[PDB]
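**Student:** Sharing a structure below in structure tokens format, with a few things to ask.
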Amino acid sequence: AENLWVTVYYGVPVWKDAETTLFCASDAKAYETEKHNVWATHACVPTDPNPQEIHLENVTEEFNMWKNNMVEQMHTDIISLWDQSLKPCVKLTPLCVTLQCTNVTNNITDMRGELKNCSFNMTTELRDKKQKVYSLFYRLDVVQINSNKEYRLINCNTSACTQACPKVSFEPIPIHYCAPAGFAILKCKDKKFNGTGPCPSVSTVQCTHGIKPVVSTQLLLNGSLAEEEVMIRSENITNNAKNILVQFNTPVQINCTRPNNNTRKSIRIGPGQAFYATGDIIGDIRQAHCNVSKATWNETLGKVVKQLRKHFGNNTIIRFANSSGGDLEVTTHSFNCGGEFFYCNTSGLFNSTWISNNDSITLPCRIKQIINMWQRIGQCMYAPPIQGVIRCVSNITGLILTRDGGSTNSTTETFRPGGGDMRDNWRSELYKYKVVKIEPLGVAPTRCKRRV
Amino acid sequence: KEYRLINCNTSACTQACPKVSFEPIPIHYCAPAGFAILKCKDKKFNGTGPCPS
Amino acid sequence: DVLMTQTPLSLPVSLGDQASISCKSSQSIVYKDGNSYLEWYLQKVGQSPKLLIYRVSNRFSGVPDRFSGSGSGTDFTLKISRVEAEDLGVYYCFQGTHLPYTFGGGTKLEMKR
Amino acid sequence: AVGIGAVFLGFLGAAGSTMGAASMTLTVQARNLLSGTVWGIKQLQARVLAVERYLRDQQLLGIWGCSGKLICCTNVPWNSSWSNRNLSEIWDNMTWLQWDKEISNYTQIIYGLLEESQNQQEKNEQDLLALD
Amino acid sequence: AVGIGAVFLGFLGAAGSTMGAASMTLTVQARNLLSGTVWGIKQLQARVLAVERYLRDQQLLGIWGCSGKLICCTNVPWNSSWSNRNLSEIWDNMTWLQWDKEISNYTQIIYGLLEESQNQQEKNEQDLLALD
Amino acid sequence: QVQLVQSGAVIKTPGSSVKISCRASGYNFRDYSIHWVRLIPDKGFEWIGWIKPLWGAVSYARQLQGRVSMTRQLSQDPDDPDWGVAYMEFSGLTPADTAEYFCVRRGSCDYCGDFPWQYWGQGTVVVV
Amino acid sequence: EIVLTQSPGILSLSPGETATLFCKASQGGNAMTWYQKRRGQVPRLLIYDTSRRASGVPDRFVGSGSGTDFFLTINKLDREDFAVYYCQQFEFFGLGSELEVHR
Ligand SMILES: *[C@@H]1O[C@H](CO)[C@@H](O[C@@H]2O[C@H](CO)[C@@H](O[C@@H]3O[C@H](CO[C@H]4O[C@H](CO)[C@@H](O)[C@H](O[C@H]5O[C@H](CO)[C@@H](O)[C@H](O)[C@@H]5O[C@H]5O[C@H](CO)[C@@H](O)[C@H](O)[C@@H]5O)[C@@H]4O)[C@@H](O)[C@H](O[C@H]4O[C@H](CO)[C@@H](O)[C@H](O)[C@@H]4O[C@H]4O[C@H](CO)[C@@H](O)[C@H](O)[C@@H]4O)[C@@H]3O)[C@H](O)[C@H]2NC(C)=O)[C@H](O)[C@H]1NC(C)=O
Ligand SMILES: *[C@@H]1O[C@H](CO)[C@@H](O[C@@H]2O[C@H](CO)[C@@H](O[C@@H]3O[C@H](CO[C@H]4O[C@H](CO)[C@@H](O)[C@H](O)[C@@H]4O)[C@@H](O)[C@H](O[C@H]4O[C@H](CO)[C@@H](O)[C@H](O)[C@@H]4O[C@H]4O[C@H](CO)[C@@H](O)[C@H](O)[C@@H]4O)[C@@H]3O)[C@H](O)[C@H]2NC(C)=O)[C@H](O)[C@H]1NC(C)=O
Ligand SMILES: *[C@@H]1O[C@H](CO)[C@@H](O[C@@H]2O[C@H](CO)[C@@H](O[C@@H]3O[C@H](CO[C@H]4O[C@H](CO)[C@@H](O)[C@H](O)[C@@H]4O)[C@@H](O)[C@H](O[C@H]4O[C@H](CO)[C@@H](O)[C@H](O)[C@@H]4O)[C@@H]3O)[C@H](O)[C@H]2NC(C)=O)[C@H](O)[C@H]1NC(C)=O
Ligand SMILES: *[C@@H]1O[C@H](CO)[C@@H](O[C@@H]2O[C@H](CO)[C@@H](O[C@@H]3O[C@H](CO)[C@@H](O)[C@H](O[C@H]4O[C@H](CO)[C@@H](O)[C@H](O)[C@@H]4O)[C@@H]3O)[C@H](O)[C@H]2NC(C)=O)[C@H](O)[C@H]1NC(C)=O
Ligand SMILES: *[C@@H]1O[C@H](CO)[C@@H](O[C@@H]2O[C@H](CO)[C@@H](O[C@@H]3O[C@H](CO)[C@@H](O)[C@H](O)[C@@H]3O)[C@H](O)[C@H]2NC(C)=O)[C@H](O)[C@H]1NC(C)=O
Ligand SMILES: *[C@@H]1O[C@H](CO)[C@@H](O[C@@H]2O[C@H](CO)[C@@H](O[C@@H]3O[C@H](CO)[C@@H](O)[C@H](O)[C@@H]3O)[C@H](O)[C@H]2NC(C)=O)[C@H](O)[C@H]1NC(C)=O
Ligand SMILES: *[C@@H]1O[C@H](CO)[C@@H](O[C@@H]2O[C@H](CO)[C@@H](O[C@@H]3O[C@H](CO)[C@@H](O)[C@H](O)[C@@H]3O)[C@H](O)[C@H]2NC(C)=O)[C@H](O)[C@H]1NC(C)=O
Ligand SMILES: *[C@@H]1O[C@H](CO)[C@@H](O[C@@H]2O[C@H](CO)[C@@H](O[C@@H]3O[C@H](CO)[C@@H](O)[C@H](O)[C@@H]3O)[C@H](O)[C@H]2NC(C)=O)[C@H](O)[C@H]1NC(C)=O
Ligand SMILES: *[C@@H]1O[C@H](CO)[C@@H](O[C@@H]2O[C@H](CO)[C@@H](O[C@@H]3O[C@H](CO)[C@@H](O)[C@H](O)[C@@H]3O)[C@H](O)[C@H]2NC(C)=O)[C@H](O)[C@H]1NC(C)=O
Ligand SMILES: *[C@@H]1O[C@H](CO)[C@@H](O[C@@H]2O[C@H](CO)[C@@H](O)[C@H](O)[C@H]2NC(C)=O)[C@H](O)[C@H]1NC(C)=O
Ligand SMILES: *[C@@H]1O[C@H](CO)[C@@H](O[C@@H]2O[C@H](CO)[C@@H](O)[C@H](O)[C@H]2NC(C)=O)[C@H](O)[C@H]1NC(C)=O
Ligand SMILES: *[C@@H]1O[C@H](CO)[C@@H](O[C@@H]2O[C@H](CO)[C@@H](O)[C@H](O)[C@H]2NC(C)=O)[C@H](O)[C@H]1NC(C)=O
Ligand SMILES: *[C@@H]1O[C@H](CO)[C@@H](O[C@@H]2O[C@H](CO)[C@@H](O)[C@H](O)[C@H]2NC(C)=O)[C@H](O)[C@H]1NC(C)=O
Ligand SMILES: *[C@@H]1O[C@H](CO)[C@@H](O)[C@H](O)[C@H]1NC(C)=O
Ligand SMILES: *[C@@H]1O[C@H](CO)[C@@H](O)[C@H](O)[C@H]1NC(C)=O
Ligand SMILES: *[C@@H]1O[C@H](CO)[C@@H](O)[C@H](O)[C@H]1NC(C)=O
Ligand SMILES: *[C@@H]1O[C@H](CO)[C@@H](O)[C@H](O)[C@H]1NC(C)=O
């Protein structure tokens with residue numbers, strides 16, 4: 001029996017790394033409130049109501065979230081689907097017209113604009129007639145083209161923009177990723193998983209956990225938080241161009257609002273097309289803001305400073321600065337709240353210093369009605385105003401940082417907020433996953449023959 | 001007087017090209033693979049219940 | 001890991017009142033069966049721990065009907081109808097789906113005076 | 001409780017267990033390999049890619065001596081330079097992931113030898129039944 | 001130089017060679033038969049048509065006596081009016097293209113005879129194992 | 001190909017401010033970072049700052065903050081979506097800043113990092 | 001910070017020979033980038049990630065090394081290749097190795 005005869009085996013558990021498309025699976029509970037309310041309530045399969053992970057044993061798979069392909073497929077799929085949820089809505093070509101604007105009725109102090117009362121001609125249901133109509137636009141949407149002044153919208157120089165139908169909600173619903181046939185999805189479970197390298201306790205799973213898609217720049221919200229302690233993640237920490245993601249342990253709470261009691265008003269641009277304009281401000285003119293608890297925020301910065309001293313030496317001076325500059329929605333804090341896009345100045349959180357040994361922070365917010373997210377060539381959208389005072393409450397899951405330094409050996413390490421690419425917001429929720437391909441045909445020796 | 005069309009209050013409407021006829025042509029339903037289509041043949045078939053042929 | 005906590009931690013309850021303790025699950029506990037595999041444990045001191053009920057609804061044979069349990073996948077609790085002296089002991093919540101199997105903290109029902 | 005044995009009858013549970021214990025639960029990876037307007041095209045294309053991969057593997061298994069068998073036996077001997085390890089350590093110690101990365105260079109040679117073996121077996125069977 | 005023998009192991013190279021020499025390289029036509037937004041629909045439809053054709057041929061081969069065999073043997077005899085040519089000239093002279101256009105009328109008769117043969121073989125096998 | 005045209009040489013006074021326009025053409029400008037670097041004669045190289053032109057997030061060296069600002073200009077017409085412009089305005093000039101200023105772009109490879117600099121500018125000579 | 005010492009400062013050779021330039025770092029575990037700069041022209045990338053040549057670079061520029069010792073070898077010198085060579089890791093540059101004609 002010194003001879004060994006080769007035997008094949010079909011259905012052997014052994015995988016090799018590969019990349020493929022993944023189909024999304026939204027939960028069927030969103031189907032109970034039907035009729036296109038959020039996206040992918042029609043363009044998405046319902047889930048298995050019985051998810052079943054299968055904890056493996058004595059197994060080591062190398063994970064690397066930075067060279068992952070699933071985050072890139074998600075960044076493509078959200079853009080393509082977000083464009084697919086604007087084509088039935090009304091294009092706002094005819095509203096791009098010369099505006100005659102004045103100040104809103106207010107005790108103007110001679111130091112702020114921030115609202116404009118713009119009258120303009122507009123077509124009617126019939127093609128022949130026309131109507132004078134007034135609206136209220138923000139100052140970040142009108143530009144003085146060169147008596148009362150004479151303005152135009154800012155998108156008119158490059159591209160007309162579809163407004164969003166108010167039957168379509170902007171709020172996230174959890175998106176699962178069920179793997180197709182032939183492939184599988186692994187999952188790290190090590191609580192001290194750095195981000196790159198071996199995770200010595202993996203678990204295969206047929207469909208991923210609840211991923212709610214938020215859109216935010218300075219500090220990501222409602223993001224699955226780590227369990228044992230606050231963690232930081234990077235690719236090369238001694239590199240400057242790569243962001244330094246941070247995931248919290250305790251969710252610090254933020255409250256945001258808009259005190260102006262609006263009045264939504266319908267204008268018929270064309271037959272079958274209606275335009276929604278900010279009609280009147282009853283109540284009082286009060287600026288939008290956000291509040292976090294000062295004590296918990298000082299404690300949470302104490303935790304992240306305790307964590308950052310490991311990678312940099314125990315005797316360094318970690319200090320936090322505000323953003324260096326750039327466009328609007330990378331310096332300020334961008335998010336959506338009830339279907340209306342805020343931009344909140346965050347210099348009031350990011351100023352401190354840290355040496356080796358009740359109230360609440362207010363921070364102002366500015367609002368745009370038109371938005372250009374993902375920075376395409378000729379697509380913006382006009383987010384319509386919403387009736388009444390709105391507010392929304394959110395847990396802060398983590399924040400995105402950025403180190404800087406040129407030379408001259410100083411002990412300080414100034415950190416500033418980041419943003420930039422939208423993909424970093426997804427790399428804080430697809431870090432523990434990896435897609436694999438089954439190769440079920442393996443071959444091995446044993447003692448047997450086949451009988452002729 | 002001074003009139004307008006009735007659809008102008010809500011929606012403009014595509015007219016039908018006169019190359020497109022409206023008349024019916026018979027539509028058959030061939031079953032796909034794996035399935036089959038049964039057919040009652042009982043002349044006294046009420047609408048609900050067993051058809052024994 | 002799917003560690004749990006127990007609210008509250010100790011209830012001295014008189015002989016003949018209703019006691020109710022909850023365990024909250026971080027992740028959902030659903031198997032391919034559909035029944036949420038959670039067990040309720042009692043341990044009289046210096047012994048082996050028993051089983052109070054099964055999943056939420058079924059009951060361990062050799063246990064009286066002074067125990068009931070409720071839950072809807074996410075957060076679970078009990079209701080004890082009548083209190084005895086043998087009902088002294090340490091209680092636990094146990095999971096049966098994911099590895100490693102987690103436990104609750106442990107509650108000690110006491111006497112009132 | 002579910003039980004730890006439900007891990008081994010589960011999908012891909014034997015991936016860390018030894019080679020002598022994955023052969024009992026080897027059919028679950030075989031069974032869960034097949035079944036499981038732009039989005040319709042993506043999902044349709046992925047599903048037909050999966051069934052083309054399964055059909056390619058069944059055709060490559062059928063031109064050997066085992067068209068419908070999970071376990072098989074052949075008639076070609078192991079060159080000792082392939083893995084030079086005895087029977088007890090490659091069926092009680094090693095895992096399949098480690099075994100796949102120890103013979104990864106020699107696999108096309110094995111497939112060619114199996115094709116030659118089945119070809120000569122077919123012509124020998126035809127020569128045996130030709131005389132009757 | 002590549003070599004002229006790489007013609008015969010290539011795809012469809014034996015198409016001009018004799019019938020007695022195409023059976024050795026007969027598996028290449030078997031292997032290259034399967035694997036290989038409007039454009040996505042056209043390419044997807046062509047690929048599923050190819051796998052439906054392959055699966056139809058495998059089902060029509062499986063209801064005979066050879067489910068996973070490239071070469072096969074049956075139990076029905078040749079009516080002499082089918083081709084009336086002896087063994088040496090139809091395995092050393094003729095090509096398969098010429099053979100296909102000499103029995104093109106009689107093929108459905110052959111397929112019906114094979115179906116009857118496998119049906120009676122199944123009932124005879126059931127009668128043989130019924131007595132045990 | 002990839003081209004990085006700059007502006008010509010310039011003579012400035014101490015206390016003034018200089019603006020240098022690095023025009024980039026040949027690739028998608030909304031993707032890859034732009035870095036700025038300066039050759040001081042008989043002192044070596046020194047990094048200045050980077051800019052990501054998708055939004056314009058910038059970073060600067062520690063010993064140059066409060067002195068340098070960097071902006072960008074994208075291309076908005078869909079007929080030429082590739083070209084783009086970077087702007088560096090360097091203020092607080094001293095006679096120590098008599099140097100040669102370069103704008104660079106990343107390596108184009110998927111294996112190379114961020115700081116390996118493949119494509120370079122022609123060179124702006126700044127004399128204070 | 002990171003200090004890069006680059007030596008030899010001045011290397012005097014004749015064409016056809018082999019040049020060796022070594023860059024010492026302070027921290028270890030990173031890559032190293034090698035630039036060529038001729039006199040009065042635009043600088044040029046030679047080596048990125050410590051062993052890979054740039055596009056349009058002949059194979060006679062070989063680089064290796066690990067940890068702190070980083071080596072750049074230029075076998076089979078040319079008349080054109082006499083220039084200044086820099087080692088850049090991240091944003092901390094070297095100072096320069098000048099390659100001079102010997103006679
Ligand atoms: C991070 O995560 C957090 C957590 O989710 C996010 O906070 C949420 O943000 C949501 C914004 O997208 C926000 O949702 C809005 O809530 C508005 C407030 O009204 C709701 O809440 C009250 C009190 O809580 C509740 O009483 C209402 O209804 C309850 O009862 C009915 C019964 O009929 C239920 O159907 C309903 O689900 C709800 O159930 C409650 O009780 C059951 C028990 O029976 C519990 O199981 C439930 O959990 C719940 O507690 C309200 O639902 C509300 O005004 C908003 O609704 C408007 O907008 C949506 C579009 O988004 C539209 O579909 C609606 O129809 C409605 O529009 C119409 O009305 C407008 C006003 O008249 C009008 O202008 C429009 O034109 C339409 O006519 C919306 O539901 C949610 O409340 C908060 N969560 C909390 C706790 O506050 C946070 O946003 C995340 N962060 C980021 C950055 O996204
Ligand atoms: C954004 O900017 C737009 C303009 O671009 C602005 O719209 C204009 O607002 C003003 C108010 O600030 C409006 O002016 C008032 O209009 C009402 C309504 O007019 C109707 O009634 C008259 C009666 O003759 C009819 O002829 C006409 O056709 C309309 O049907 C008038 O009632 C107002 O008159 C009152 O105010 C005068 C101010 O001097 C008084 O002198 C006068 O006596 C009236 O007072 C009486 O009525 C009051 C209301 O009941 C009552 O409070 C008093 O005690 C008293 O009894 C005035 O003319 C103007 O019409 C609007 N223009 C349009 C086109 O709508 C928006 O308001 C502005 N919005 C913001 C947020 O800035
Ligand atoms: C996230 O966390 C992971 C860990 O899960 C980090 O990955 C590893 O990190 C360690 C240190 O943090 C790195 O280890 C270092 O490797 C050097 C290279 O030697 C190794 O490689 C050679 C072959 O190339 C082997 O022959 C050798 O045996 C080693 O395996 C070592 O030289 C380093 O030694 C250090 O310690 C000694 C004494 O303790 C000192 O004298 C040295 O000077 C030096 O300080 C060290 O062991 C390892 O390379 C990392 N691996 C990978 C794959 O990255 C990630 O870095 C971390 N990432 C983030 C973003 O946080
Ligand atoms: C409507 O808005 C107007 C906005 O101009 C507002 O008028 C201002 O009100 C304030 C407070 O009522 C007046 O008083 C100022 O505030 C304090 C009060 O102690 C002083 O310190 C200020 O002195 C400074 O400013 C003066 C003028 O700029 C300087 O001369 C002086 O040296 C100080 O620098 C000042 O007294 C303020 O004067 C008026 N402004 C004017 C132009 O009258 C008005 O109150 C608002 N009304 C309502 C009903 O909301
Ligand atoms: C980060 O913090 C710094 C200061 O801590 C901010 O710098 C400040 O920027 C504003 C303008 O952006 C300066 O305001 C001044 O406004 C008046 C009136 O318009 C104008 O005349 C001045 O020329 C100037 O623009 C302010 O002086 C300046 N502060 C300092 C100390 O320089 C910076 O804006 C913060 N970053 C972000 C993103 O908010
Ligand atoms: C970032 O945080 C620092 C705290 O470290 C903030 O400094 C604070 O600034 C305010 C005014 O801007 C100071 O209030 C007043 O200052 C005067 C001195 O001009 C003082 O005499 C008064 O008694 C009053 O306190 C405050 O004192 C100061 N904090 C400290 C500890 O001195 C800074 O404003 C923050 N940055 C931003 C953009 O908010
Ligand atoms: C953000 O994260 C925090 C965690 O710090 C969440 O707070 C906790 O959420 C759970 C469930 O969402 C709450 O449990 C509730 O208990 C009551 C008890 O009667 C029960 O009626 C509910 O059905 C639910 O089980 C828990 O109380 C709550 N903790 C606090 C302090 O509020 C929070 O929900 C997350 N989301 C937001 C928008 O804040
Ligand atoms: C499958 O066959 C290939 C082909 O021989 C094997 O690749 C060979 O792997 C060895 C490592 O065991 C290489 O040796 C190494 O060479 C580098 C060259 O600088 C040297 O620095 C190292 O110290 C080491 O000696 C060898 O070069 C390489 N062959 C070729 C042609 O590159 C491969 O290992 C085989 N697979 C298995 C699982 O054995
Ligand atoms: C398969 O069977 C068919 C059916 O018999 C064969 O077709 C027959 O072919 C012969 C030629 O060999 C035809 O004869 C010719 O008829 C025409 C009629 O005008 C005449 O002008 C010619 O001179 C010649 O005699 C015969 O008519 C035809 N049968 C029918 C019904 O049309 C076919 O040849 C068979 N296939 C093979 C490969 O033999
Ligand atoms: C509308 O608001 C603008 C901005 O305050 C006013 O324009 C100038 O405001 C400055 C104060 O910052 C004054 O010093 C100028 O005198 C204002 N210009 C004029 C022509 O008055 C403007 O007055 C406001 N009102 C209107 C009707 O435009
Ligand atoms: C589109 O219109 C905007 C708004 O006027 C232009 O942006 C301004 O351009 C001028 C001169 O180019 C600058 O001085 C302003 O600072 C710009 N303002 C803003 C807010 O960017 C823009 O140049 C126009 N683009 C095209 C292609 O016509
Ligand atoms: C954010 O808003 C919520 C809701 O208004 C606040 O939660 C309440 O806060 C009050 C005190 O302000 C307490 O009396 C209530 O018991 C809280 N209710 C709940 C359900 O938490 C929250 O405090 C606000 N956060 C901040 C930082 O102000
Ligand atoms: C669309 O236009 C039609 C035609 O005028 C409107 O229908 C009339 O509405 C008035 C008042 O609402 C009634 O008195 C008439 O009896 C209606 N006539 C008919 C034939 O229905 C209709 O209200 C308009 N709808 C909208 C949304 O503007
Ligand atoms: C927060 O509290 C710590 C503890 O004393 C202190 O060192 C730190 O300066 C405080 N920071 C702020 C912003 O209050
Ligand atoms: C840094 O300081 C912390 C203090 O908590 C200590 O635990 C750790 O070992 C120190 N590490 C080094 C490298 O000094
Ligand atoms: C041969 O097998 C025995 C166990 O049967 C094992 O102990 C021994 O190490 C093996 N020999 C080699 C050379 O691997
Ligand atoms: C029979 O076969 C022989 C060769 O074995 C051949 O020469 C002969 O022609 C054949 N007979 C007929 C009738 O074809």
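Just so we're on the same page: first chain in the structure tokens is A, next is B, and so on; residues restart at 1 for each chain, and ligands are numbered from 1 in the order they show up.
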Collect all residues with atoms no farther than 12 Å from ligand 8, counting only C-alpha atoms and all ligand atoms, and output them as a count of residues only.
**Tutor:** 14
**Student:** Using only C-alpha atoms, determine which residues lie at most 9 Å from residue A:430, disregarding the query and same-chain residues fewer than 5 positions distant; provide the list as a list in words.
**Tutor:**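 Everything that qualifies: residues 65, 68, 70, 71 and 211 of chain A.
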**Student:** For stretch 70-81 of chain F, work out the shell of residues within 7 Å, counting only C-alpha atoms and skipping chain neighbours fewer than 3 positions away, then give it as a tab-separated table (two decimals) with N, CA, C and O atoms, in the first residue's frame.
**Tutor:**
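Result saved to part.tsv:
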```tsv
chain	number	residue	atom	x	y	z
A	158	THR	N	-24.84	76.95	-15.28
A	158	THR	CA	-24.34	75.68	-15.80
A	158	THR	C	-25.41	74.67	-16.18
A	158	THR	O	-25.30	74.06	-17.24
A	326	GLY	N	-11.70	75.34	1.91
A	326	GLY	CA	-12.12	74.65	0.71
A	326	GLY	C	-13.49	75.06	0.24
A	326	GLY	O	-13.86	76.23	0.36
A	377	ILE	N	-21.19	66.82	-13.30
A	377	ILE	CA	-21.05	67.95	-14.21
A	377	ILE	C	-22.29	68.82	-14.18
A	377	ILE	O	-22.23	70.00	-13.81
F	53	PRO	N	-9.16	67.98	-5.37
F	53	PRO	CA	-10.07	68.86	-6.11
F	53	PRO	C	-11.50	68.35	-6.26
F	53	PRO	O	-12.26	68.97	-6.99
F	56	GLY	N	-12.07	70.26	-2.53
F	56	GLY	CA	-11.13	71.32	-2.28
F	56	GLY	C	-10.61	71.24	-0.87
F	56	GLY	O	-10.17	72.25	-0.32
F	84	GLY	N	-8.50	71.25	-15.55
F	84	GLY	CA	-8.79	71.90	-14.28
F	84	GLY	C	-7.66	72.82	-13.92
F	84	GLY	O	-6.60	72.81	-14.55
F	85	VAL	N	-7.89	73.67	-12.91
F	85	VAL	CA	-6.89	74.66	-12.51
F	85	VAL	C	-6.70	74.58	-11.00
F	85	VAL	O	-7.67	74.46	-10.25
F	86	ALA	N	-5.45	74.64	-10.55
F	86	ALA	CA	-5.11	74.81	-9.15
F	86	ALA	C	-4.49	76.18	-8.94
F	86	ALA	O	-3.77	76.67	-9.81
F	87	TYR	N	-4.76	76.80	-7.80
F	87	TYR	CA	-4.26	78.12	-7.46
F	87	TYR	C	-3.55	78.06	-6.12
F	87	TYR	O	-4.14	77.59	-5.14
F	88	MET	N	-2.33	78.58	-6.05
F	88	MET	CA	-1.65	78.76	-4.78
F	88	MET	C	-1.33	80.23	-4.59
F	88	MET	O	-0.66	80.84	-5.43
F	89	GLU	N	-1.79	80.80	-3.48
F	89	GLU	CA	-1.49	82.18	-3.12
F	89	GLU	C	-0.63	82.14	-1.86
F	89	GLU	O	-1.11	81.77	-0.79
```
**Student:** Report the residues of stretch 65-219 of chain A whose backbone DSSP state falls under alpha helix (DSSP H), written as a PyMOL selection string.
**Tutor:** chain A and resi 70-84
**Student:** Save the residues we just selected, N, CA and C atoms, as a PDB file, in the first residue's frame?
**Tutor:**
```
ATOM      1  N   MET A  70     -16.129  45.975  -2.156  1.00  0.00           N
ATOM      2  CA  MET A  70     -17.556  46.044  -1.889  1.00  0.00           C
ATOM      3  C   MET A  70     -17.996  47.468  -1.582  1.00  0.00           C
ATOM      4  N   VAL A  71     -17.126  48.246  -0.934  1.00  0.00           N
ATOM      5  CA  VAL A  71     -17.396  49.659  -0.683  1.00  0.00           C
ATOM      6  C   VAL A  71     -17.467  50.437  -1.990  1.00  0.00           C
ATOM      7  N   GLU A  72     -16.677  50.036  -2.987  1.00  0.00           N
ATOM      8  CA  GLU A  72     -16.701  50.730  -4.265  1.00  0.00           C
ATOM      9  C   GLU A  72     -17.969  50.394  -5.035  1.00  0.00           C
ATOM     10  N   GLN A  73     -18.439  49.148  -4.922  1.00  0.00           N
ATOM     11  CA  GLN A  73     -19.728  48.796  -5.500  1.00  0.00           C
ATOM     12  C   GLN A  73     -20.867  49.517  -4.805  1.00  0.00           C
ATOM     13  N   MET A  74     -20.751  49.768  -3.501  1.00  0.00           N
ATOM     14  CA  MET A  74     -21.819  50.492  -2.821  1.00  0.00           C
ATOM     15  C   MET A  74     -21.818  51.965  -3.212  1.00  0.00           C
ATOM     16  N   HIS A  75     -20.630  52.550  -3.371  1.00  0.00           N
ATOM     17  CA  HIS A  75     -20.528  53.935  -3.818  1.00  0.00           C
ATOM     18  C   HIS A  75     -20.999  54.104  -5.252  1.00  0.00           C
ATOM     19  N   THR A  76     -20.881  53.068  -6.080  1.00  0.00           N
ATOM     20  CA  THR A  76     -21.469  53.144  -7.414  1.00  0.00           C
ATOM     21  C   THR A  76     -22.983  52.947  -7.372  1.00  0.00           C
ATOM     22  N   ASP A  77     -23.459  51.999  -6.557  1.00  0.00           N
ATOM     23  CA  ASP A  77     -24.878  51.658  -6.546  1.00  0.00           C
ATOM     24  C   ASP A  77     -25.729  52.778  -5.967  1.00  0.00           C
ATOM     25  N   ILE A  78     -25.231  53.474  -4.943  1.00  0.00           N
ATOM     26  CA  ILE A  78     -26.009  54.562  -4.354  1.00  0.00           C
ATOM     27  C   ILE A  78     -26.119  55.737  -5.316  1.00  0.00           C
ATOM     28  N   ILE A  79     -25.048  56.031  -6.056  1.00  0.00           N
ATOM     29  CA  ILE A  79     -25.096  57.105  -7.043  1.00  0.00           C
ATOM     30  C   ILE A  79     -26.051  56.759  -8.176  1.00  0.00           C
ATOM     31  N   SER A  80     -25.961  55.530  -8.698  1.00  0.00           N
ATOM     32  CA  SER A  80     -26.828  55.140  -9.809  1.00  0.00           C
ATOM     33  C   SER A  80     -28.289  55.083  -9.388  1.00  0.00           C
ATOM     34  N   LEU A  81     -28.562  54.617  -8.174  1.00  0.00           N
ATOM     35  CA  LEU A  81     -29.941  54.530  -7.724  1.00  0.00           C
ATOM     36  C   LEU A  81     -30.495  55.903  -7.367  1.00  0.00           C
ATOM     37  N   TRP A  82     -29.642  56.772  -6.832  1.00  0.00           N
ATOM     38  CA  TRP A  82     -30.026  58.135  -6.504  1.00  0.00           C
ATOM     39  C   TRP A  82     -30.358  58.929  -7.756  1.00  0.00           C
ATOM     40  N   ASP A  83     -29.622  58.689  -8.843  1.00  0.00           N
ATOM     41  CA  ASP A  83     -30.034  59.244 -10.125  1.00  0.00           C
ATOM     42  C   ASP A  83     -31.300  58.580 -10.646  1.00  0.00           C
ATOM     43  N   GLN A  84     -31.500  57.290 -10.368  1.00  0.00           N
ATOM     44  CA  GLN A  84     -32.732  56.635 -10.807  1.00  0.00           C
ATOM     45  C   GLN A  84     -33.954  57.038 -10.000  1.00  0.00           C
TER      46      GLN A  84
END
```
